[PDB]
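J.: turn this into a structure:
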Amino acid sequence: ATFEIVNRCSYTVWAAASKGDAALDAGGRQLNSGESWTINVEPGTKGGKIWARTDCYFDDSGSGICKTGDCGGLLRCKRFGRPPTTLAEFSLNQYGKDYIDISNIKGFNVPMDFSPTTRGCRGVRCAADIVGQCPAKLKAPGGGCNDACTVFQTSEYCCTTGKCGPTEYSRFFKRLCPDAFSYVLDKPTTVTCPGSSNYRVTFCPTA
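T.: Residues are numbered from 1 along each chain as shown. And now the structure:
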């Protein structure tokens with residue numbers, strides 16, 4: 001499957017692609033404003049994620065730090081990134097179908113559009129100014145808007161027991177982005193696509 005990752009932001013982002021225990025394709029790359037990076041994702045990939053990292057510094061060997069979405073200081077991600085991270089999530093070729101979504105469960109850093117480039121389904125988007133409107137207690141100093149589980153570490157926010165409800169914090173993410181998961185047990189906003197679809201992830205799809 002092909003994923004074109006486009007940075008429409010006015011600032012540089014460091015794209016990352018992982019399935020949690022391994023990089024997807026190169027796993028990461030710098031994207032200046034307007035740049036596109038095309039990756040190949042193996043059919044059958046389950047639990048794949050793409051996100052943007054901001055304010056990164058890497059040396060000649062691909063080791064450094066990012067203010068948002070840092071994946072253990074590597075340019076090439078093998079693991080998931082440190083919150084806040086808006087997430088493009090996907091599971092491919094799952095009994096003949098692909099499943100995609102955008103999640104705010106790990107917070108928000110960059111607005112994003114996640115759409116198929118092939119026929120058979122619609123795209124998902126979370127493009128509201130979540131950072132600008134972020135409740136005071138969820139504001140991340142490094143940038144971005146943290147989810148309540150990351151900040152407070154409670155069974156209610158983290159849905160530890162699988163018995164949680166919406167909260168004042170999850171309702172804020174849901175209000176600004178109704179098409180993204182706001183908490184673990186949120187009503188699914190997953191989009192079903194034909195198996196083997198191709199996609200585009202656009203950072204800052206509107207501005």
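
J.: mind listing what residue 71 touches?
T.: Neighbour list for residue 71: 16, 18, 27-28, 53, 77-82 [criterion: C-beta atoms under 8 Å, 6 or more residues apart in numbering]. Bear in mind the C-beta positions are built from the backbone N, C-alpha and C, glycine included.

J.: how far away is the residue lying closest to it once chain neighbours are set aside from residue 123?
T.: Closest residue in space to residue 71, ignoring its immediate chain neighbours: residue 77 at 3.8 Å, by C-beta to C-beta, 6 or more residues apart in numbering. According to C-beta to C-beta, to the nearest Å, residue 77 stands 23 Å off from residue 123.

J.: tell me which of those two has more neighbours.
T.: In this view residue 77 and residue 123 are compared by other C-beta atoms under 10 Å, and residue 77 has more residues nearby, 29 against 19.

J.: kindly provide the distance from the one residue sitting closest to the centre of the chain to residue 79.
T.: Residue closest to the average C-alpha location in the chain (C-alpha atoms, centre = their mean): residue 87, at 1.3 Å. Distance from residue 87 to residue 79, counting by C-beta to C-beta: 14 Å.

J.: also residue 194?
T.: 30 Å.

J.: higher neighbour count, the two?
T.: residue 79 (16 against 13).

J.: what's the nearest residue to that one if we skip its chain neighbours?
T.: Nearest to residue 79 is residue 71, by C-beta to C-beta, 6+ apart, at 5.2 Å.

J.: same check, this time on residue 189
T.: The shortest distance from residue 189 to any non-neighbouring residue, by C-beta to C-beta, 6+ apart, is to residue 179 (5.3 Å).

J.: list the residues that contact the one you found.
T.: Under the contact definition (C-beta under 8 Å, 6+ apart), the residues listed for residue 179 are 102, 124-126, 189.
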